[PDB]
Every structure is written in C-alpha cells, then in structure tokens.
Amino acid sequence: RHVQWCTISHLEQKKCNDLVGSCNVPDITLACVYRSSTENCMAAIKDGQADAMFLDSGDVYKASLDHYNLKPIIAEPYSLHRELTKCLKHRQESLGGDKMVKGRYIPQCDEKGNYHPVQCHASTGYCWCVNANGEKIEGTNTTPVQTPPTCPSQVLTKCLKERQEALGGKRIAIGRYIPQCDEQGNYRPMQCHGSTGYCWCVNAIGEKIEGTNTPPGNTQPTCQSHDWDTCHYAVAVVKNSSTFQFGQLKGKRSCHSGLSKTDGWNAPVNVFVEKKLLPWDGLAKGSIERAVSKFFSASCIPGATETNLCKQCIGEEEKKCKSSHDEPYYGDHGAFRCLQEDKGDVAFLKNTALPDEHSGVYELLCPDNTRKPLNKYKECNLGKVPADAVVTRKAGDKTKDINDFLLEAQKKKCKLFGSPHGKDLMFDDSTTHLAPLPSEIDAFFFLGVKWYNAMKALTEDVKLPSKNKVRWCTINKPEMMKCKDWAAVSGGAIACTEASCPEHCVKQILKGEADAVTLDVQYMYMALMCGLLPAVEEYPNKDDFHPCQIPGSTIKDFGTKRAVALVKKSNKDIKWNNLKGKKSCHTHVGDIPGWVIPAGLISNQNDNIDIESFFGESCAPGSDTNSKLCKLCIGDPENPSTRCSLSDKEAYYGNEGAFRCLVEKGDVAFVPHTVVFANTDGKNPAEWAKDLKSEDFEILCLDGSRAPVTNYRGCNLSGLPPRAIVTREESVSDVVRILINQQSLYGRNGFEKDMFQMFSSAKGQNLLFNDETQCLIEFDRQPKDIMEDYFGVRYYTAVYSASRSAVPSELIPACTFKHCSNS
C-alpha cells in the first residue's frame, strides 16, 4: 500500500522526503510528488499523479468544483462553545422520554459527568462495559445472577494523558514542559514552563493563545477561563509604529497569505465590501481581484495576476507570486514576514500565525477602526474561518490508506507538524491532531452553508430563487411529470427538481436547490437531525373534513394509524410484560406498526435483545425461512416455496394476514388499530374471518392491563405521526402560504379542481402526496424539541429511545457537522 503526497514547493518536498525516511508506518509507504503550486497539485490528484494534500478552506471550496472534483477527508477537530457531557445529555434525554414506556435504561454518570465504565439496566439487572461515548462494548453483558463485569478505566483527558506521557513513566520530566490540569482534567488557563520560567495562556483543550507568551520577570496577560471557542480567526496585523485605521486602508501596501486563502482573501475582501471601502458589489463592476487592484497601491497576494498585487512578493524568477513556499511571502507566515520586512503596511492571515510573545511591535487592526493587542483577536478580527483539510479524489479510492497512514503516524509521534526547513510545510505548524471527517462529508457540509455561499458569492452573481415559488423535489419520473403538470397550472408558484430518492431531496433542500418534499415517517429523523422542519403534514382522516374546509380549526383526531398489540379475549393470561417467548404475528419486517414500533419497545425494555430471540414461534414475513420468525408462516395454499415471503403469496402477510395468523395459530398480532374492525363483525367474507366478532379481541396496554379494541387511542404501542412536507427553517412561512393557496385551488374542494388535482394522478399512485390525503395542514409548532413535537413523545421514545444520537442514515454525521461561521 502506498500514499503519494502532493507537495507544492521545494521546501515542502524536502520535509515530505524527510518523513519518508523518519516515519515508519508498517504496511503503508509514503511517497512525495512535487508540483509547482497548489493548483498543479489539485490537478495531479484529480489525474491520479498523487493522492492527497492539505488545503486551506478556500482551496477546499475551489477543489470541490467540477474542474478538480476533490473532497475533504481529514481535519483537526474544533469546538464552538462548552457543551454538556455526553453522559449527562443522555441522562436528560432518557429521563425526558415517555414515562409510560417503563423499564428503560438511564445511564449512570460520575462526578465529572462521564459514563461509569460499568453501565447497568435497572429493570433487567444486566450490566456491561462502555467506551467513553457510552456505547456498549459488545460481548461484555453480564446477567443479574453474576457480579458486574470488570471494565477498563476511562481514557484520560487530553491534559492528564499529555501529563502522563510528558512524565514518560519516570516521576519528574526534568527540564521539559509538563502541562498543569484542573480538577475536571482540563487545562488550567495559565501554563508555565517549569525550567525556563515562561508562562502563557491556553484554552480549555490546551491550545496556546497567541500574544500571551511571557518571559520570567514580566507580568502576564490575563488568561480567560472556560475558553471552548477554538475556531480560527482571520485577522489584520500591523506594526505599532504606523497609525492608520482599518477604514483608511485605501492606497496602502498589503501582504496576503494568498489569493485563494480564506484568511488572506475571502475574509478581508468580504469586510471591504460590507464597509463599502471597495467600489464593488457584483460581477458587473469587474472582477473582485481588479477592484482590489485599484484599492491597494502595491501588495503581495500569491496566485494573483494583476501586476501591482504581485509587486511586493520576492520569489525568484518564475517562483514570484506563486501559491508555493518557493515564494517567501506565501502563506500566513509569509504574509507576516512581508510585514516584518516592511514590504507591506498590513498583513492578512489568521490568529494561529500571530507571534506567541506578548511584548513586541505588532498589534491588530480592527474593522471598527480601532487597534488592539495580539491576544484580543476574538474581539478584533475579520471573522471566524473554516477549518482546513486533507483532500483526495471524490471517488475516495485512497481515503482508507490516507487515513490509516496519518492515524498510525500520529500514534508513533512522527514529525508531521514542524520542520527545520520552514513553517507550515505539508500541514499547518499549529495543527496538533488530524481526525477523519464524516464519510459523507463534502465541501458544503465541511465549510457550512454560510461560508460556502460567501465564497461562491465572490465568483458569480448568485441569483436567489423567489420566495413566491416552491421548487418541489421529485424522486421518480412519474412524480416529475405530475409536478410539471402542476407547474403548468400554478402560474409560477410551483417548479420541479429531480432526485433519485428522498434523502437526495433532503440534500437538495439543505443546499438551496429545492424547497420542499413530502417525507415518509422513516426519513423524518434524518430530516429533522439535518435541521429541516415540517411545514405542513398530510391529514388522512376520511371522517372529518372540517379541518380541511376551515383552516386553523381544531382537529379532534388526526386519523393516523395506531400500532396495537392484538390478542383474543379467551387468552386471558397474556399481558404486555409477559410476551417473552409467546407466539407473535407481524404484518412484515420493516412495517412501522407491525415491526419497527414493537421491535423498538422490546429493545428498549430488554437490553436490545433480538426481536428474533424474544418470541417463541412467530410469523414475520421477510425474515430468514429457517428462523423461528417464519415457523408460523403458511407459505401458499397452492404449494409451488413462497413461505415467509414478502408477498400476498404468504397467507399471513400484511394487515389482514397478521390477523389471520392470530386467529389460526397465534397468540399476539402487531397491527394497525384498523385491522380488527376491517375483518370482524362480518366485513371479510372469507371462511376464516366468517362473522368473527370485534368483541372477541382486546389490545394490550403498556402498563400490563388490557382494553377493548375500540380504545386504541389510549391503549396502543404508539400512534404514528403523519407524513410531513419539510423545508428549511427560513422557508416554512413561504411554503405554508404557497401550498395552502394551491390547495384552495386544486385540493379536494379546490375552486379550480377541474384544472388539476393535487392528490391524484393518471400517471401513477401516490405521486408527490399520498392519494388518500384529505388536505395538508400547517404544522402547529410547539415550544418543545422538534423530535418530540413531530414524532410525539411515545413514538420518539419507542423507536429512538427519545434520543438525538441515533444514526439511521450516514448523512446525519455530515449534515450535523459544526461550522466556524459569523453573524
């Protein structure tokens, strides 16, 4: 296995070459491929000449476009603010679940708020070991009949682990820095070197605050406590011997880290434009680079083409003004060097390249026309900027080899993050750890919508779609054709987009490519986790059109299905709490009322033991034919084998089919509340149903009691939430207004329902909306968690343990990735 690293300069290639010799990662060999600039390396990776390089966030954006088709895969984790510990959040979520779902696991947290390594389930007496995230170490479960397991102690905090390593197992690390930790095991704000006498400030995860390093005998700056804001900040640095302010920058000389860098270009230009220092607003006033060319007298901006914007660079011959360390003024530390050597009056870079020392001739130029000390960048800056990242081809053919190499190299403490040859070679010298990003991350979710759009805005005039138009996302060709017919009558209120599946529709809406889509319940957890909101919902109650006639009216019964546990009156012995080992009938694997809701409750109350293992002999179509979930299944009265099959071939498949299995060879059936009334009181002519009586059956309540099948509203496993039309938070009001108006024209009582029907089509069944929808009803948003508000507390608890930590789609870690954005 090989990893070919692309280097952009002679210096970087030297450092990369040193790592080939000094860093021994077994099984994976590093190699170094030279190119002359950042852009030539991007092309080399696209072409397969190389596999990986580290890119500034601005280049991550440029590399994500069709010209290069690269994606970020690895980056240094950052923090925005202090957060609850995982264990205490989990405790709060589980304690907030539905109290009628008895016997659920509530985590046990220690005096620091972390998980005890031994976790136990009170109602079952089971215990097990957990990692730091409180996830079960599988295979450590111990029954109540035995002593609790012995579990490894929790991994130490960064500070305590860095302390232990610095002590190298020897009791005092003489002459070397030993971190000083607080009682929670985080870094004390002030750190001192035990031999040199120097002191400086660090944030809560131990990153040094620039401008605070203090030699012995001098007074230190004050160190802020509980600093969990570890985003990098764009700053403008100046010498204290000059006197101009930010608003007087016109006509000065400037040093920029680079034309494509977020801290050297996007951040300052963004502020120049907002303050109207730059006579430029759109691509009709020329290019942004040309306007900046007219603003400054002479600059060094590596990668630029305008002559005066390369005039201050000092690279020799063709190396001059190259996006490469062969230009000595390239990058953050090159721009600072350019100021230091007086080729510029101001340098544009980020806080991590500022001098560590408090005292000296440098300070910050704030956009509010004041100047402030180096250590006040959090209040004197041009914005937070995104993280930077290792990138590779979108195809990801080398992602595993790249990640494996860098994880092992860091375990072995190879010299990745410094060099005698220069600063910020290969990686930023400030980097301390590189971690894999979410597998489905791309530049949009890595940078975040705010910075992504801000960078796009410098390259093209982004025409913002109208708030009077809903772009509807369709998932198949018939849906798109029904939507084109809707657009034709809508007078411009409706437009259409196409995706392959509901999750790609969610992605389009997030990225501003569509505005709305109707989602099945099984997709709503992912949609709500990504930050979309229900705007309207499909109301399916055929017995009450009054909420559809008069909008805003009160709804007595939304009419969704209720999952129930159905048993016969004769079997008086069976209750909820003794269903273990009994015979059960399920509509089919994957059905929400017949499978997902019951499986969720069984899992919550029995330590995630398989619904397969919980019952005795069952029929649940879709299971493996050899398992005990198919033993009850009667394949086909016209024998072919079609047993336990997901078709009408299986006699026990579906709503009515699970009702058969109950009456014939069954003990309990998991069904919508409607199935019993639909097949008793002489409504199914079939022989088995005959004139079966609705009074002959009951439903099991979660409290061990029973009730007649007519009380499904108060004795159910869970009610289902309705299907929802989702959109971005800021578009809810427009989408509600447009859809409610469309519904007054083309709904079931629409004034123009002869021109178009929203809830049917000749092109197919359930296109865009379910054909049984009575109307769409505005979601009445309540002051609670949207998870509880949309799912209902019972469903949220039964299916998701009332937790925001389930991952039913690998999109969730990418769409919830946090960003370094401004207001």
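Position 1 is the first residue in the sequence shown; the rest follow in order.
- Of the other entries compared for this protein that flank it with modelled residues, a third or more give no atoms for residue 171.
- Unmodelled stretch separating residue 640 from residue 641: 1 to 3 residues (count of deposited-sequence residues without coordinates).
- Mean CA temperature factor is higher for 540-548 when stretches 190-198 and 540-548 are set side by side in the entry.
- The mean Cα B-factor in the deposited entry runs higher for 650-658 than for the other of 405-413 and 650-658.
- The entry assigns its greatest Cα B factor, within the set 632, 365, 118, 509, to 632.
- Of all the options 397, 356, 520, 573, the entry's greatest CA B-factor is assigned to 573.
- Sort the chain's modelled residues by C-alpha temperature factor and residue 423 lands in the middle third, per the entry.
- When all modelled residues of the chain are sorted by CA temperature factor, residue 264 is found within the lowest third.
- Among all modelled residues in this chain, the alpha-carbon of residue 440 has a temperature factor (C-alpha) in the middle third.
- Sort the chain's modelled residues by C-alpha temperature factor and residue 504 lands in the lowest third, per the entry.
- Annotation for residue 52: C-alpha temperature factor in the lowest third relative to the rest of the modelled chain, per the entry.
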